[PDB]
C-alpha cells in the first residue's frame, strides 16, 4: 500500500517554493496547504491550481485544516516566527518551540500516523521538539538538516572541476548552522576519492577546500542580503526528501535525525547525518568512519544542540 498525499503547514516562501516545485516535478498526486491565515492558503491553492493545466501530472490541491492530516503520508512543517526587536535568542528559540509543539499536537489530533518533516529553523532543535511532542517513533520524524548545505557543497565543487554536480558525492554534517562541517574524509567524484581528484586536476587544490567550506557557511547570509530570504534551494531539497519517501527509494540523504548512539556524539539530539529514506521513513543512519578532526567537529555540533535543548528544558 502506498500513500500520495502531502500536507504543507505554513505557506510562506519556503512552504510554497516546496509546493510549487512538487507541482512542476509531479512528485505526488495530492497537496493540502495549511496556514493560520486561511484566506492566504486559499489564494496560494488557487495560484498553484491555475498552472496545472500546463503541468506534468494530474493533481488535487486545496487549502485545508488539521483534520486533512488524518490520511496524509507526510506533513511538512515550515511554520515559525522571526526575532522581535530586543528579543533574546533563547526567548525566540522558545517561541518557535511552542509553535512547533502546537502544530504537532494539532496534527496528531487528526489521527495522522504518517511521517513528519520539519523545515522550520533552527531545524535540528525543532525536529527534536516535533519528535518529542508527536509521540511518534524517531524513524518517522525528520528534519531537512544539511541536505541543502550538501547541495550547495556539490554545486561549489562542481564549479571548480567542471563535473555534473550530481556526480559529486560529499556531505555537510552536523548542525544546519554555524557549526556544520564538511566531511572531506568521505568525499568522492564519481567513484574517485576527493584527495585523488585534487592530485589529478590542476582545477582544484587543498586551499580551495577551506574556501568552499566558507562559501557554504556564508551562503544563506549571502542570499538573504541580496533577495531578503532564501527559499528556492530548500524547496528542491524538500522535494528530494519527499521523493525518496514516496518512491520508496532507500536513498541516502543527509537530514536531521536522532543520533541515538550511531555516532559517538550526544545520543539525544537531532543532527544532520546521512540516512537511508524509504516509504517507512528512516531505515537506518549511515555510519561513516570520520577522521579525528571531523569527529571532534561532530561532537562540538552535537554539544551545541544539546545545550540549546537543555536551555529549552527539553
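Positions refer to the first chain, counted from 1.
Novice: Please work out which of 87-95 and 225-233 has the higher mean CA B-factor as recorded in the PDB entry.
Specialist: So the stretch with the higher mean C-alpha B-factor is 87-95.
Novice: Of the two stretches 5-13 and 287-295, which shows the higher Cα B-factor on average in the entry?
Specialist: Between 5-13 and 287-295, it is 287-295.
Novice: Checking the record values for 29, 266, 249, 44, which has the greatest CA B factor?
Specialist: Checking the PDB record, the top C-alpha B-factor among 29, 266, 249, 44 is at 266.
Novice: In terms of CA temperature factor as recorded, identify the highest of 256, 278, 49, 260.
Specialist: That would be 260, according to the entry.
Novice: Considering only modelled residues of the same chain, in which third does the CA B-factor of residue 72 rank: lowest, middle or highest?
Specialist: Middle third - that is where residue 72 ends up once the chain's C-alpha B-factors are sorted.
Novice: Taking the entry's C-alpha B-factors for this chain, is residue 142 in the lowest, middle or highest third?
Specialist: Within its chain, residue 142 is a lowest-third residue by C-alpha B-factor, going by the deposited values.
Novice: State the tercile, meaning the lowest, middle or highest third, of residue 195 with respect to the CA B-factors recorded for its chain.
Specialist: As the PDB entry reports it, the C-alpha B-factor of residue 195 lands in the highest third of its chain.
Novice: If you rank every modelled residue in this chain by C-alpha B factor, which third holds residue 105: lowest, middle or highest?
Specialist: Answer is highest: the recorded C-alpha B-factor places it there.
Novice: Lowest, middle or highest third: where is residue 164 by C-alpha B factor in its chain?
Specialist: As the PDB entry reports it, the C-alpha B-factor of residue 164 lands in the lowest third of its chain.
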